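A.B. asks: Sharing coords-v7.txt (compact mmCIF, N, CA and C atoms) below.
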```
# COMPACT_ATOMS: atom_id res chain seq x y z
N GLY A 2 5.96 12.57 20.48
CA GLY A 2 5.81 11.17 20.71
C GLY A 2 6.01 10.29 19.52
N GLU A 3 6.46 9.09 19.79
CA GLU A 3 6.66 8.15 18.75
C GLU A 3 5.33 7.63 18.24
N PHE A 4 4.24 7.89 18.96
CA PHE A 4 2.93 7.49 18.46
C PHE A 4 2.50 8.40 17.34
N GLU A 5 2.53 9.68 17.58
CA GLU A 5 2.00 10.63 16.60
C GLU A 5 2.81 10.61 15.31
N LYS A 6 4.13 10.50 15.41
CA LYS A 6 4.96 10.59 14.22
C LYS A 6 4.94 9.30 13.41
N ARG A 7 4.80 8.15 14.07
CA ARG A 7 4.51 6.92 13.32
C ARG A 7 3.13 6.99 12.69
N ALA A 8 2.16 7.57 13.39
CA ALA A 8 0.85 7.80 12.80
C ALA A 8 0.93 8.82 11.67
N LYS A 9 1.76 9.86 11.83
CA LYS A 9 1.98 10.80 10.74
C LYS A 9 2.79 10.17 9.62
N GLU A 10 3.68 9.24 9.96
CA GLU A 10 4.35 8.45 8.94
C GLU A 10 3.34 7.71 8.07
N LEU A 11 2.35 7.08 8.70
CA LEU A 11 1.36 6.32 7.94
C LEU A 11 0.40 7.24 7.19
N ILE A 12 0.12 8.42 7.74
CA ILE A 12 -0.76 9.37 7.06
C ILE A 12 -0.17 9.75 5.71
N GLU A 13 1.13 10.07 5.68
CA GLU A 13 1.77 10.44 4.42
C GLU A 13 1.78 9.27 3.44
N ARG A 14 1.96 8.05 3.95
CA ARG A 14 1.85 6.87 3.09
C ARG A 14 0.44 6.74 2.52
N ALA A 15 -0.57 7.10 3.31
CA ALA A 15 -1.95 7.03 2.83
C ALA A 15 -2.21 8.08 1.76
N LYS A 16 -1.63 9.28 1.92
CA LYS A 16 -1.77 10.31 0.89
C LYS A 16 -1.02 9.92 -0.38
N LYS A 17 0.12 9.25 -0.23
CA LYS A 17 0.82 8.69 -1.38
C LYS A 17 -0.10 7.82 -2.23
N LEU A 18 -0.97 7.04 -1.58
CA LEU A 18 -1.79 6.07 -2.29
C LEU A 18 -2.81 6.75 -3.19
N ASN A 19 -3.46 7.80 -2.69
CA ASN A 19 -4.41 8.60 -3.47
C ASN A 19 -5.58 7.74 -3.96
N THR A 20 -6.14 6.95 -3.05
CA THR A 20 -7.35 6.19 -3.29
C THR A 20 -8.33 6.41 -2.15
N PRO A 21 -9.64 6.35 -2.43
CA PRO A 21 -10.63 6.55 -1.35
C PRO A 21 -10.38 5.70 -0.11
N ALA A 22 -10.04 4.42 -0.27
CA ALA A 22 -9.80 3.56 0.88
C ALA A 22 -8.64 4.08 1.73
N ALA A 23 -7.59 4.58 1.08
CA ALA A 23 -6.47 5.15 1.83
C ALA A 23 -6.89 6.40 2.58
N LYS A 24 -7.81 7.18 2.01
CA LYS A 24 -8.31 8.37 2.70
C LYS A 24 -9.09 8.00 3.95
N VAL A 25 -9.73 6.83 3.96
CA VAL A 25 -10.43 6.36 5.17
C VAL A 25 -9.42 6.08 6.28
N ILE A 26 -8.34 5.37 5.94
CA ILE A 26 -7.31 5.08 6.94
C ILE A 26 -6.64 6.37 7.41
N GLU A 27 -6.56 7.37 6.53
CA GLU A 27 -6.02 8.66 6.94
C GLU A 27 -6.88 9.32 8.01
N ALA A 28 -8.20 9.28 7.84
CA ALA A 28 -9.10 9.89 8.82
C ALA A 28 -9.05 9.16 10.15
N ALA A 29 -8.99 7.83 10.11
CA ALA A 29 -8.91 7.05 11.35
C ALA A 29 -7.62 7.32 12.10
N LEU A 30 -6.52 7.56 11.38
CA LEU A 30 -5.25 7.82 12.05
C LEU A 30 -5.25 9.18 12.73
N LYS A 31 -5.90 10.18 12.13
CA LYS A 31 -5.96 11.50 12.74
C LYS A 31 -6.82 11.49 14.00
N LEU A 32 -7.88 10.69 14.01
CA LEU A 32 -8.69 10.51 15.21
C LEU A 32 -7.85 9.85 16.30
N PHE A 33 -6.98 8.94 15.89
CA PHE A 33 -6.13 8.17 16.83
C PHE A 33 -5.12 9.11 17.46
N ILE A 34 -4.60 10.04 16.66
CA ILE A 34 -3.65 11.03 17.14
C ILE A 34 -4.28 11.83 18.27
N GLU A 35 -5.48 12.34 18.01
CA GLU A 35 -6.19 13.11 19.03
C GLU A 35 -6.55 12.24 20.23
N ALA A 36 -6.97 11.00 19.97
CA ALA A 36 -7.38 10.12 21.07
C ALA A 36 -6.18 9.71 21.92
N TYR A 37 -5.03 9.46 21.29
CA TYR A 37 -3.85 9.06 22.06
C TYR A 37 -3.38 10.18 22.98
N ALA A 38 -3.41 11.43 22.49
CA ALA A 38 -3.03 12.56 23.33
C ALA A 38 -3.98 12.70 24.51
N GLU A 39 -5.28 12.51 24.28
CA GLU A 39 -6.24 12.51 25.38
C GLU A 39 -5.95 11.37 26.35
N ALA A 40 -5.75 10.16 25.81
CA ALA A 40 -5.43 9.01 26.65
C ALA A 40 -4.19 9.27 27.50
N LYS A 41 -3.20 9.97 26.94
CA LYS A 41 -2.00 10.29 27.70
C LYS A 41 -2.28 11.32 28.78
N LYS A 42 -3.22 12.24 28.53
CA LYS A 42 -3.53 13.27 29.51
C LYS A 42 -4.19 12.68 30.75
N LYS A 43 -5.15 11.77 30.56
CA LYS A 43 -5.88 11.17 31.67
C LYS A 43 -5.20 9.92 32.22
N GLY A 44 -4.01 9.58 31.75
CA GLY A 44 -3.34 8.38 32.21
C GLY A 44 -4.06 7.10 31.86
N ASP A 45 -4.76 7.07 30.73
CA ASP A 45 -5.55 5.91 30.31
C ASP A 45 -4.63 4.92 29.60
N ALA A 46 -4.10 3.97 30.37
CA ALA A 46 -3.10 3.05 29.82
C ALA A 46 -3.73 2.02 28.89
N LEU A 47 -4.95 1.56 29.21
CA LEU A 47 -5.60 0.56 28.36
C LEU A 47 -5.95 1.16 27.00
N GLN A 48 -6.40 2.41 26.97
CA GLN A 48 -6.69 3.06 25.70
C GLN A 48 -5.42 3.24 24.88
N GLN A 49 -4.31 3.60 25.53
CA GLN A 49 -3.04 3.70 24.83
C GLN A 49 -2.66 2.38 24.17
N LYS A 50 -2.82 1.27 24.89
CA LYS A 50 -2.46 -0.03 24.35
C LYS A 50 -3.32 -0.39 23.14
N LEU A 51 -4.62 -0.09 23.21
CA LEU A 51 -5.50 -0.38 22.08
C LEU A 51 -5.16 0.51 20.88
N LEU A 52 -4.89 1.79 21.13
CA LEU A 52 -4.52 2.69 20.04
C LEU A 52 -3.20 2.27 19.41
N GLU A 53 -2.23 1.85 20.23
CA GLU A 53 -0.96 1.37 19.70
C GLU A 53 -1.16 0.12 18.84
N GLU A 54 -2.04 -0.78 19.28
CA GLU A 54 -2.36 -1.95 18.47
C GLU A 54 -3.04 -1.55 17.17
N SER A 55 -3.98 -0.60 17.24
CA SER A 55 -4.64 -0.12 16.03
C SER A 55 -3.64 0.50 15.06
N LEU A 56 -2.59 1.12 15.58
CA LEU A 56 -1.55 1.69 14.72
C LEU A 56 -0.91 0.61 13.85
N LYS A 57 -0.69 -0.58 14.41
CA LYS A 57 -0.10 -1.66 13.64
C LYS A 57 -1.09 -2.21 12.61
N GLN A 58 -2.37 -2.26 12.96
CA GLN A 58 -3.37 -2.75 12.01
C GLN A 58 -3.56 -1.78 10.86
N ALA A 59 -3.50 -0.47 11.13
CA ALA A 59 -3.57 0.51 10.06
C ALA A 59 -2.38 0.37 9.11
N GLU A 60 -1.18 0.19 9.66
CA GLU A 60 0.01 0.02 8.83
C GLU A 60 -0.11 -1.22 7.97
N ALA A 61 -0.68 -2.30 8.51
CA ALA A 61 -0.84 -3.53 7.74
C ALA A 61 -1.87 -3.35 6.63
N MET A 62 -2.93 -2.56 6.89
CA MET A 62 -3.92 -2.32 5.85
C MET A 62 -3.40 -1.39 4.77
N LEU A 63 -2.53 -0.44 5.14
CA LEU A 63 -1.89 0.39 4.13
C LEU A 63 -0.98 -0.44 3.24
N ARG A 64 -0.25 -1.39 3.84
CA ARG A 64 0.63 -2.26 3.07
C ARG A 64 -0.17 -3.12 2.10
N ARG A 65 -1.30 -3.67 2.55
CA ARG A 65 -2.17 -4.43 1.65
C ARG A 65 -2.68 -3.55 0.52
N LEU A 66 -3.09 -2.32 0.84
CA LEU A 66 -3.53 -1.39 -0.19
C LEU A 66 -2.38 -0.99 -1.12
N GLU A 67 -1.18 -0.87 -0.60
CA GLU A 67 -0.03 -0.52 -1.43
C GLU A 67 0.35 -1.63 -2.42
N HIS A 68 0.33 -2.87 -1.97
CA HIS A 68 0.66 -4.00 -2.82
C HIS A 68 -0.32 -4.12 -3.97
N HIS A 69 -1.60 -3.94 -3.68
CA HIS A 69 -2.60 -3.97 -4.71
C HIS A 69 -2.56 -2.65 -5.44
N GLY B 2 -29.48 -3.40 5.94
CA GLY B 2 -28.22 -3.61 5.24
C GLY B 2 -27.16 -4.10 6.24
N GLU B 3 -26.34 -5.06 5.79
CA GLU B 3 -25.63 -5.92 6.73
C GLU B 3 -24.50 -5.19 7.46
N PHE B 4 -23.72 -4.38 6.74
CA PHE B 4 -22.56 -3.74 7.37
C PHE B 4 -22.99 -2.73 8.42
N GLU B 5 -23.88 -1.81 8.05
CA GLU B 5 -24.29 -0.75 8.96
C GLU B 5 -24.95 -1.31 10.22
N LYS B 6 -25.72 -2.38 10.07
CA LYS B 6 -26.44 -2.92 11.22
C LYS B 6 -25.49 -3.63 12.18
N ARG B 7 -24.45 -4.27 11.65
CA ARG B 7 -23.37 -4.75 12.51
C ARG B 7 -22.67 -3.59 13.21
N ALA B 8 -22.41 -2.51 12.47
CA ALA B 8 -21.72 -1.36 13.06
C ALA B 8 -22.61 -0.64 14.07
N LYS B 9 -23.90 -0.50 13.76
CA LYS B 9 -24.83 0.06 14.74
C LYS B 9 -24.95 -0.85 15.95
N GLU B 10 -24.87 -2.17 15.74
CA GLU B 10 -24.86 -3.12 16.84
C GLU B 10 -23.61 -2.94 17.70
N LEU B 11 -22.47 -2.67 17.06
CA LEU B 11 -21.24 -2.44 17.81
C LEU B 11 -21.26 -1.09 18.50
N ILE B 12 -21.86 -0.09 17.85
CA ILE B 12 -21.94 1.24 18.44
C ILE B 12 -22.73 1.20 19.75
N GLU B 13 -23.80 0.40 19.79
CA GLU B 13 -24.61 0.31 21.00
C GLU B 13 -23.85 -0.40 22.12
N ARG B 14 -23.04 -1.40 21.78
CA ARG B 14 -22.21 -2.05 22.79
C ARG B 14 -21.17 -1.09 23.35
N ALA B 15 -20.56 -0.28 22.48
CA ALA B 15 -19.55 0.67 22.94
C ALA B 15 -20.14 1.69 23.91
N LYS B 16 -21.36 2.16 23.64
CA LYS B 16 -21.97 3.18 24.49
C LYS B 16 -22.32 2.63 25.87
N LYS B 17 -22.53 1.32 25.98
CA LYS B 17 -22.91 0.74 27.26
C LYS B 17 -21.74 0.63 28.23
N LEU B 18 -20.50 0.69 27.75
CA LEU B 18 -19.38 0.41 28.63
C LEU B 18 -18.71 1.67 29.17
N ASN B 19 -19.07 2.84 28.64
CA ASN B 19 -18.86 4.14 29.30
C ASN B 19 -17.41 4.40 29.69
N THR B 20 -16.52 4.33 28.71
CA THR B 20 -15.12 4.72 28.91
C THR B 20 -14.63 5.45 27.67
N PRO B 21 -13.63 6.33 27.82
CA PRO B 21 -13.12 7.09 26.66
C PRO B 21 -12.73 6.22 25.47
N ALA B 22 -12.16 5.04 25.71
CA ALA B 22 -11.77 4.17 24.61
C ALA B 22 -12.97 3.68 23.80
N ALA B 23 -14.15 3.61 24.43
CA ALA B 23 -15.37 3.22 23.72
C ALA B 23 -15.78 4.28 22.71
N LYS B 24 -15.78 5.55 23.12
CA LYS B 24 -16.22 6.62 22.24
C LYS B 24 -15.28 6.76 21.04
N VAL B 25 -14.00 6.43 21.22
CA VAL B 25 -13.08 6.41 20.08
C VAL B 25 -13.50 5.34 19.09
N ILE B 26 -13.78 4.13 19.58
CA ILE B 26 -14.26 3.06 18.71
C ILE B 26 -15.62 3.42 18.14
N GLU B 27 -16.46 4.11 18.92
CA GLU B 27 -17.75 4.55 18.41
C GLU B 27 -17.58 5.51 17.24
N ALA B 28 -16.70 6.50 17.38
CA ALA B 28 -16.49 7.47 16.32
C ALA B 28 -15.89 6.82 15.08
N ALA B 29 -15.00 5.84 15.27
CA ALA B 29 -14.45 5.11 14.14
C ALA B 29 -15.52 4.28 13.44
N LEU B 30 -16.44 3.71 14.21
CA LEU B 30 -17.53 2.93 13.62
C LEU B 30 -18.45 3.81 12.79
N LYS B 31 -18.67 5.05 13.24
CA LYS B 31 -19.54 5.96 12.50
C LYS B 31 -18.89 6.42 11.20
N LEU B 32 -17.58 6.61 11.21
CA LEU B 32 -16.84 6.95 10.00
C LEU B 32 -16.92 5.82 8.98
N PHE B 33 -16.88 4.59 9.47
CA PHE B 33 -16.81 3.41 8.60
C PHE B 33 -18.20 3.24 7.95
N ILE B 34 -19.26 3.59 8.68
CA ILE B 34 -20.61 3.55 8.14
C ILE B 34 -20.70 4.48 6.94
N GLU B 35 -20.27 5.73 7.13
CA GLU B 35 -20.28 6.70 6.04
C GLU B 35 -19.39 6.25 4.89
N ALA B 36 -18.19 5.76 5.21
CA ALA B 36 -17.25 5.34 4.17
C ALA B 36 -17.77 4.12 3.42
N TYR B 37 -18.47 3.21 4.12
CA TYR B 37 -18.99 2.02 3.45
C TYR B 37 -20.09 2.38 2.46
N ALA B 38 -20.96 3.33 2.83
CA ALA B 38 -21.99 3.80 1.91
C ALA B 38 -21.37 4.41 0.66
N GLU B 39 -20.29 5.16 0.82
CA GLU B 39 -19.62 5.74 -0.34
C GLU B 39 -18.95 4.66 -1.18
N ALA B 40 -18.38 3.65 -0.54
CA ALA B 40 -17.78 2.54 -1.28
C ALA B 40 -18.83 1.77 -2.07
N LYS B 41 -20.01 1.56 -1.47
CA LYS B 41 -21.09 0.87 -2.18
C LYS B 41 -21.57 1.69 -3.37
N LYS B 42 -21.67 3.01 -3.20
CA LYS B 42 -22.13 3.87 -4.28
C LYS B 42 -21.15 3.86 -5.45
N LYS B 43 -19.85 3.84 -5.16
CA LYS B 43 -18.83 3.85 -6.20
C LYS B 43 -18.48 2.47 -6.73
N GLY B 44 -18.98 1.40 -6.11
CA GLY B 44 -18.58 0.07 -6.51
C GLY B 44 -17.15 -0.29 -6.15
N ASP B 45 -16.60 0.35 -5.12
CA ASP B 45 -15.22 0.13 -4.69
C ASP B 45 -15.19 -1.12 -3.81
N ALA B 46 -14.93 -2.27 -4.43
CA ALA B 46 -14.99 -3.53 -3.70
C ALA B 46 -13.82 -3.69 -2.74
N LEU B 47 -12.64 -3.16 -3.09
CA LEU B 47 -11.50 -3.27 -2.18
C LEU B 47 -11.75 -2.48 -0.90
N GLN B 48 -12.31 -1.28 -1.02
CA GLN B 48 -12.65 -0.50 0.16
C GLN B 48 -13.69 -1.22 1.01
N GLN B 49 -14.70 -1.81 0.37
CA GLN B 49 -15.70 -2.58 1.10
C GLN B 49 -15.04 -3.72 1.88
N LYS B 50 -14.12 -4.44 1.23
CA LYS B 50 -13.50 -5.60 1.85
C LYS B 50 -12.66 -5.20 3.06
N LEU B 51 -11.95 -4.07 2.96
CA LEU B 51 -11.15 -3.62 4.09
C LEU B 51 -12.02 -3.06 5.21
N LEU B 52 -13.18 -2.50 4.87
CA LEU B 52 -14.06 -1.97 5.90
C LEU B 52 -14.73 -3.08 6.70
N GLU B 53 -15.05 -4.21 6.06
CA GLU B 53 -15.62 -5.32 6.82
C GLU B 53 -14.56 -6.02 7.66
N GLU B 54 -13.30 -6.03 7.20
CA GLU B 54 -12.21 -6.46 8.07
C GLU B 54 -12.02 -5.51 9.23
N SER B 55 -12.13 -4.20 8.97
CA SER B 55 -12.04 -3.22 10.05
C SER B 55 -13.16 -3.40 11.05
N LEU B 56 -14.38 -3.66 10.56
CA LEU B 56 -15.50 -3.95 11.45
C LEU B 56 -15.20 -5.14 12.36
N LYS B 57 -14.45 -6.12 11.86
CA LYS B 57 -14.11 -7.27 12.69
C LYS B 57 -13.04 -6.92 13.72
N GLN B 58 -12.13 -6.00 13.38
CA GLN B 58 -11.20 -5.49 14.37
C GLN B 58 -11.92 -4.71 15.46
N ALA B 59 -13.02 -4.03 15.10
CA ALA B 59 -13.83 -3.33 16.09
C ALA B 59 -14.38 -4.30 17.13
N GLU B 60 -14.93 -5.43 16.67
CA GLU B 60 -15.56 -6.37 17.58
C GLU B 60 -14.57 -6.94 18.58
N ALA B 61 -13.35 -7.25 18.13
CA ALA B 61 -12.35 -7.80 19.03
C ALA B 61 -11.88 -6.76 20.04
N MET B 62 -11.68 -5.52 19.59
CA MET B 62 -11.30 -4.46 20.51
C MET B 62 -12.41 -4.18 21.51
N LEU B 63 -13.66 -4.22 21.06
CA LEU B 63 -14.79 -4.02 21.96
C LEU B 63 -14.92 -5.17 22.95
N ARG B 64 -14.78 -6.41 22.46
CA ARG B 64 -14.77 -7.56 23.36
C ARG B 64 -13.67 -7.46 24.40
N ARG B 65 -12.53 -6.87 24.02
CA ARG B 65 -11.44 -6.67 24.97
C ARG B 65 -11.82 -5.66 26.04
N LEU B 66 -12.41 -4.53 25.63
CA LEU B 66 -12.83 -3.52 26.59
C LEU B 66 -13.95 -4.05 27.49
N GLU B 67 -14.84 -4.88 26.94
CA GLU B 67 -15.93 -5.42 27.73
C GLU B 67 -15.45 -6.45 28.74
N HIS B 68 -14.39 -7.19 28.42
CA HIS B 68 -13.87 -8.20 29.34
C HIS B 68 -13.47 -7.55 30.66
N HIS B 69 -14.35 -7.79 31.63
CA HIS B 69 -14.21 -7.19 32.92
C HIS B 69 -14.78 -8.08 33.99
N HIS B 70 -14.01 -8.31 35.03
CA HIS B 70 -14.55 -9.00 36.17
C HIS B 70 -14.90 -7.84 37.15
```
For the file at hand, write its structure as structure tokens.
C.D. replies:
Amino acid sequence: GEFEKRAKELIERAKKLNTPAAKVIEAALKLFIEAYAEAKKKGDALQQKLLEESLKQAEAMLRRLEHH
Amino acid sequence: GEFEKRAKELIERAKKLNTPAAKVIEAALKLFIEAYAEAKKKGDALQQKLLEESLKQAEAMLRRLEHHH
């Protein structure tokens, strides 16, 4: 899925950062990976939409952490 | 302490709405509690600032899940 690999894309960016705050976003993304697969199994469309939105917020927080 | 009590306040709202998406937000809130305590111990102000922004993203996502007729 394009969800997991974009989430894995951001995970590697978080490991690039090598700061505690980036490690927090790394843990949240791995939970999202597991949650999205569950949401896909039960046909939970609203959970998918929220997780997809959270994916964009994580990417924006990584970018803020990267700039600083 | 202000952050944890907001997060515990959000955790209780998530548990009341009884859907898989709530428990995901619940687990993320519990991680943020632990991470915020570590940020306070280390004096990591940037991590603190992003965690309180994350806490605000929690409230909006929870308000979205709660919005139900």
A.B. asks: Distance limit 12 Å, atoms considered: only C-alpha atoms. Which chain A residues sit that close to chain B? Return them as an mmCIF file with N, CA and C atoms, in the coordinates of the input.
C.D. replies:
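Result file follows (iface.cif):
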```cif
data_model
loop_
_atom_site.group_PDB
_atom_site.id
_atom_site.type_symbol
_atom_site.label_atom_id
_atom_site.label_comp_id
_atom_site.auth_asym_id
_atom_site.auth_seq_id
_atom_site.Cartn_x
_atom_site.Cartn_y
_atom_site.Cartn_z
ATOM 1 N N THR A 20 -6.140 6.950 -3.050
ATOM 2 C CA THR A 20 -7.350 6.190 -3.290
ATOM 3 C C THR A 20 -8.330 6.410 -2.150
ATOM 4 N N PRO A 21 -9.640 6.350 -2.430
ATOM 5 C CA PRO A 21 -10.630 6.550 -1.350
ATOM 6 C C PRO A 21 -10.380 5.700 -0.110
ATOM 7 N N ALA A 22 -10.040 4.420 -0.270
ATOM 8 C CA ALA A 22 -9.800 3.560 0.880
ATOM 9 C C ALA A 22 -8.640 4.080 1.730
ATOM 10 N N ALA A 23 -7.590 4.580 1.080
ATOM 11 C CA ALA A 23 -6.470 5.150 1.830
ATOM 12 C C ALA A 23 -6.890 6.400 2.580
ATOM 13 N N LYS A 24 -7.810 7.180 2.010
ATOM 14 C CA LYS A 24 -8.310 8.370 2.700
ATOM 15 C C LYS A 24 -9.090 8.000 3.950
ATOM 16 N N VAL A 25 -9.730 6.830 3.960
ATOM 17 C CA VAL A 25 -10.430 6.360 5.170
ATOM 18 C C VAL A 25 -9.420 6.080 6.280
ATOM 19 N N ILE A 26 -8.340 5.370 5.940
ATOM 20 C CA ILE A 26 -7.310 5.080 6.940
ATOM 21 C C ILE A 26 -6.640 6.370 7.410
ATOM 22 N N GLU A 27 -6.560 7.370 6.530
ATOM 23 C CA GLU A 27 -6.020 8.660 6.940
ATOM 24 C C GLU A 27 -6.880 9.320 8.010
ATOM 25 N N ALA A 28 -8.200 9.280 7.840
ATOM 26 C CA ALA A 28 -9.100 9.890 8.820
ATOM 27 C C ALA A 28 -9.050 9.160 10.150
ATOM 28 N N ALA A 29 -8.990 7.830 10.110
ATOM 29 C CA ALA A 29 -8.910 7.050 11.350
ATOM 30 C C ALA A 29 -7.620 7.320 12.100
ATOM 31 N N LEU A 30 -6.520 7.560 11.380
ATOM 32 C CA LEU A 30 -5.250 7.820 12.050
ATOM 33 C C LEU A 30 -5.250 9.180 12.730
ATOM 34 N N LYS A 31 -5.900 10.180 12.130
ATOM 35 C CA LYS A 31 -5.960 11.500 12.740
ATOM 36 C C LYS A 31 -6.820 11.490 14.000
ATOM 37 N N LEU A 32 -7.880 10.690 14.010
ATOM 38 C CA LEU A 32 -8.690 10.510 15.210
ATOM 39 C C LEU A 32 -7.850 9.850 16.300
ATOM 40 N N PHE A 33 -6.980 8.940 15.890
ATOM 41 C CA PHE A 33 -6.130 8.170 16.830
ATOM 42 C C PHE A 33 -5.120 9.110 17.460
ATOM 43 N N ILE A 34 -4.600 10.040 16.660
ATOM 44 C CA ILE A 34 -3.650 11.030 17.140
ATOM 45 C C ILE A 34 -4.280 11.830 18.270
ATOM 46 N N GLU A 35 -5.480 12.340 18.010
ATOM 47 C CA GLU A 35 -6.190 13.110 19.030
ATOM 48 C C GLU A 35 -6.550 12.240 20.230
ATOM 49 N N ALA A 36 -6.970 11.000 19.970
ATOM 50 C CA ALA A 36 -7.380 10.120 21.070
ATOM 51 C C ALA A 36 -6.180 9.710 21.920
ATOM 52 N N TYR A 37 -5.030 9.460 21.290
ATOM 53 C CA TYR A 37 -3.850 9.060 22.060
ATOM 54 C C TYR A 37 -3.380 10.180 22.980
ATOM 55 N N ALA A 38 -3.410 11.430 22.490
ATOM 56 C CA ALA A 38 -3.030 12.560 23.330
ATOM 57 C C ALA A 38 -3.980 12.700 24.510
ATOM 58 N N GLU A 39 -5.280 12.510 24.280
ATOM 59 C CA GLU A 39 -6.240 12.510 25.380
ATOM 60 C C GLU A 39 -5.950 11.370 26.350
ATOM 61 N N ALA A 40 -5.750 10.160 25.810
ATOM 62 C CA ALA A 40 -5.430 9.010 26.650
ATOM 63 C C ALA A 40 -4.190 9.270 27.500
ATOM 64 N N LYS A 41 -3.200 9.970 26.940
ATOM 65 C CA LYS A 41 -2.000 10.290 27.700
ATOM 66 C C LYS A 41 -2.280 11.320 28.780
ATOM 67 N N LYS A 42 -3.220 12.240 28.530
ATOM 68 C CA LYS A 42 -3.530 13.270 29.510
ATOM 69 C C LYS A 42 -4.190 12.680 30.750
ATOM 70 N N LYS A 43 -5.150 11.770 30.560
ATOM 71 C CA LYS A 43 -5.880 11.170 31.670
ATOM 72 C C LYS A 43 -5.200 9.920 32.220
ATOM 73 N N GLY A 44 -4.010 9.580 31.750
ATOM 74 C CA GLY A 44 -3.340 8.380 32.210
ATOM 75 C C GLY A 44 -4.060 7.100 31.860
ATOM 76 N N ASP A 45 -4.760 7.070 30.730
ATOM 77 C CA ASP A 45 -5.550 5.910 30.310
ATOM 78 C C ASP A 45 -4.630 4.920 29.600
ATOM 79 N N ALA A 46 -4.100 3.970 30.370
ATOM 80 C CA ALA A 46 -3.100 3.050 29.820
ATOM 81 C C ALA A 46 -3.730 2.020 28.890
ATOM 82 N N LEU A 47 -4.950 1.560 29.210
ATOM 83 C CA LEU A 47 -5.600 0.560 28.360
ATOM 84 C C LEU A 47 -5.950 1.160 27.000
ATOM 85 N N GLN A 48 -6.400 2.410 26.970
ATOM 86 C CA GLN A 48 -6.690 3.060 25.700
ATOM 87 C C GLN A 48 -5.420 3.240 24.880
ATOM 88 N N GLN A 49 -4.310 3.600 25.530
ATOM 89 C CA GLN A 49 -3.040 3.700 24.830
ATOM 90 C C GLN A 49 -2.660 2.380 24.170
ATOM 91 N N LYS A 50 -2.820 1.270 24.890
ATOM 92 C CA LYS A 50 -2.460 -0.030 24.350
ATOM 93 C C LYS A 50 -3.320 -0.390 23.140
ATOM 94 N N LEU A 51 -4.620 -0.090 23.210
ATOM 95 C CA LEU A 51 -5.500 -0.380 22.080
ATOM 96 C C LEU A 51 -5.160 0.510 20.880
ATOM 97 N N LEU A 52 -4.890 1.790 21.130
ATOM 98 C CA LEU A 52 -4.520 2.690 20.040
ATOM 99 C C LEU A 52 -3.200 2.270 19.410
ATOM 100 N N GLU A 53 -2.230 1.850 20.230
ATOM 101 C CA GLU A 53 -0.960 1.370 19.700
ATOM 102 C C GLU A 53 -1.160 0.120 18.840
ATOM 103 N N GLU A 54 -2.040 -0.780 19.280
ATOM 104 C CA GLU A 54 -2.360 -1.950 18.470
ATOM 105 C C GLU A 54 -3.040 -1.550 17.170
ATOM 106 N N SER A 55 -3.980 -0.600 17.240
ATOM 107 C CA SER A 55 -4.640 -0.120 16.030
ATOM 108 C C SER A 55 -3.640 0.500 15.060
ATOM 109 N N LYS A 57 -0.690 -0.580 14.410
ATOM 110 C CA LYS A 57 -0.100 -1.660 13.640
ATOM 111 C C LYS A 57 -1.090 -2.210 12.610
ATOM 112 N N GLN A 58 -2.370 -2.260 12.960
ATOM 113 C CA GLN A 58 -3.370 -2.750 12.010
ATOM 114 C C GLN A 58 -3.560 -1.780 10.860
ATOM 115 N N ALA A 59 -3.500 -0.470 11.130
ATOM 116 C CA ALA A 59 -3.570 0.510 10.060
ATOM 117 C C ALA A 59 -2.380 0.370 9.110
ATOM 118 N N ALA A 61 -0.680 -2.300 8.510
ATOM 119 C CA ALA A 61 -0.840 -3.530 7.740
ATOM 120 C C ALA A 61 -1.870 -3.350 6.630
ATOM 121 N N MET A 62 -2.930 -2.560 6.890
ATOM 122 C CA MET A 62 -3.920 -2.320 5.850
ATOM 123 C C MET A 62 -3.400 -1.390 4.770
ATOM 124 N N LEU A 63 -2.530 -0.440 5.140
ATOM 125 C CA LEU A 63 -1.890 0.390 4.130
ATOM 126 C C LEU A 63 -0.980 -0.440 3.240
ATOM 127 N N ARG A 64 -0.250 -1.390 3.840
ATOM 128 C CA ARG A 64 0.630 -2.260 3.070
ATOM 129 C C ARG A 64 -0.170 -3.120 2.100
ATOM 130 N N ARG A 65 -1.300 -3.670 2.550
ATOM 131 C CA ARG A 65 -2.170 -4.430 1.650
ATOM 132 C C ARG A 65 -2.680 -3.550 0.520
ATOM 133 N N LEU A 66 -3.090 -2.320 0.840
ATOM 134 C CA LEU A 66 -3.530 -1.390 -0.190
ATOM 135 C C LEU A 66 -2.380 -0.990 -1.120
ATOM 136 N N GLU A 67 -1.180 -0.870 -0.600
ATOM 137 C CA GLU A 67 -0.030 -0.520 -1.430
ATOM 138 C C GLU A 67 0.350 -1.630 -2.420
ATOM 139 N N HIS A 69 -1.600 -3.940 -3.680
ATOM 140 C CA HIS A 69 -2.600 -3.970 -4.710
ATOM 141 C C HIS A 69 -2.560 -2.650 -5.440
#
```
A.B. asks: Kindly give the distance, in Å, that separates atom C of residue 14 in chain A and atom N of residue 5 in chain B, rounded to a single decimal.
C.D. replies: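 These two atoms are separated by 26.4 Å.
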A.B. asks: Nearest residue to residue 57 in chain B out of B:34, B:8, B:3, B:17, using only C-alpha atoms?
C.D. replies: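 Checking each of B:34, B:8, B:3, B:17 against residue 57 in chain B, counting only C-alpha atoms, the winner is B:8.
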A.B. asks: By how many Å are CA of residue 61 in chain B and atom C of residue 2 in chain B apart?
C.D. replies: 19.9 Å
A.B. asks: How far is it from CA of residue 67 in chain B to atom N of residue 6 in chain B, in Å with one decimal?
C.D. replies: 20.4 Å
